[PDB]
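Here's a solo chain for you in structure tokens, the form deposited in one PDB entry.
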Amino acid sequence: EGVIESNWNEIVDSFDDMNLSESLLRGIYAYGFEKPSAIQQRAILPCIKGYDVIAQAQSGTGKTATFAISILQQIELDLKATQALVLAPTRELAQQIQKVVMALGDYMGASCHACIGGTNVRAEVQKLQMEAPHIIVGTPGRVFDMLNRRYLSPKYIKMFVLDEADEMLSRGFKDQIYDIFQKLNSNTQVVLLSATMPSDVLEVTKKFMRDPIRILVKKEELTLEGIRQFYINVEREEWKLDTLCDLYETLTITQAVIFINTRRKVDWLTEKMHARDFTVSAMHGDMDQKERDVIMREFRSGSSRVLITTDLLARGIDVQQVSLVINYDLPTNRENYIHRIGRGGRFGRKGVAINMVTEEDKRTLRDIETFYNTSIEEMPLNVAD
């Protein structure tokens, strides 16, 4: 679990010190909450006060309760109009939010509807024409539809929540989100919750928010989960090349990536593997951007079954799939190790990496597992792709 990092030092560790209406407290305690989570102690207050907030939070009942409590506290109950709009990336999530919102707002007399559609895109419209719910939660496509078709009104919307933004932008709702925002009033409060914080999510906060409150959980975005890591005792450096060629005889290898610490060795190894009859593409730091574009297309096409390169750190390798990856030269630290063999994203958590260990290497780092802080078995005499 990373570490919490706000720009808002105020912290409230009780629901009673938050100035919530009595009826809302009843709903909160009746739902089973007793003491707020790390994210609530920091986010609920700046929301009720009306400031734009960014919260890096994993999915759960506690995260949903952050914006649910905030929204309910601002609703003007006698105003029979939609005043809050929550976007979620699926029908399922949207409906769970409605459940949570209704439960808490149960004792308040707060209405909340879920733009789902499903088997009712004609039926539910008959309910929206009858009453404007206080809170609307739906998916971006479906909500944007209801706004264009005038069954929802942006007129009294003062609170706009993007839940699981990273997801929603992966599922192609960026356009629909941008379009919905263009229909809301200028002074509209934006709350954005997302577990990851990639470039296009940051870009959203920059366009929709002003001097927002950030609550982040900085943690390594690359991991070794799923990567099977191995090492070979090579004794001395000179015997690395002979070990590499023997791996090709032992293992089945479609394509591979080989990391090297210096350029002078990338060029040395590139020609030696040419001489040993290998389709090889070489890449280093001294090259331009347009040069590397070329040697990467060769590799992505199959013209090279092997890419030998150097740690880039700033630039990630444009590699999608490979039988394995070889640390012919051990990286100097945990960060560089994780750049070379760590993968991003939640799925396809699978890989193979092999590290070559000289005796000099052992001296400078006592234990490989400890030094890089990960499991690394000695390579067996079996077969693992």
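Heads up: residue numbers just count along the shown sequence, starting at 1. So that the term is clear: the rigid core is the largest set of C-alpha atoms that superpose within 1.5 Å between two forms.
FYI, the form deposited with a small molecule bound isn't displayed, but the following is about it.
> Tell me, please, which stretch of 352-360, 325-333, 46-54, 60-68 lies within 4.5 angstroms of the small molecule in the deposited bound form when heavy atoms are compared?
Residues of 60-68 come within 4.5 Å of the partner.
> Would you kindly say which of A195, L216, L247, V125 lies with a heavy atom within 4.5 Å of the small molecule in the deposited bound form?
None of the other options qualify; the answer is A195.
> Is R343 part of the interface with the small molecule in the deposited bound form - any heavy atom within 4.5 Å?
Result yes; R343 sits at the interface with the small molecule in the deposited bound form.
> For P36, is any heavy atom within 4.5 Å of the small molecule in the deposited bound form, or not?
Heavy-atom contact with the small molecule at 4.5 Å: present for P36.
> Using heavy atoms and a 4.5 Å limit, would one call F371 a contact residue for the small molecule in the deposited bound form?
Although the small molecule is absent here, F371 would stay clear of it in the deposited bound form, with no heavy atoms inside 4.5 Å.
> Which residue in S111, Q74, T279, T188 stands out, with a C-alpha shift of 2 Å or more between the shown form and the other one when both forms are set on the rigid core?
Single hit from the list, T279.
> After a core superposition, would you say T374 shifts its C-alpha by at least 2 Å between the shown form and the other one?
After core superposition, the displacement of the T374 C-alpha between the shown form and the other one reaches the 2 Å mark, so yes.
> So, superposing on the core, is the move of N355 at the CA at least 2 angstroms between the shown form and the other one?
Superposed on the core, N355 moves its C-alpha 2 Å or more between the shown form and the other one.
> On a core-based superposition, does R263 travel 2 Å or more at its Cα between the shown form and the other one?
Superposed on the core, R263 moves its C-alpha 2 Å or more between the shown form and the other one.
> Regarding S59 and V86, go with closer or farther for their CA spacing in the deposited bound form versus this form, the difference being 3 Å or more.
Relative to this form, farther apart in the deposited bound form.
> Quick one: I54 and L224 C-alpha atoms, closer or farther in the deposited bound form compared with this form (3 angstroms or more)?
Compared with the shown chain, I54-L224 is closer in the deposited bound form.
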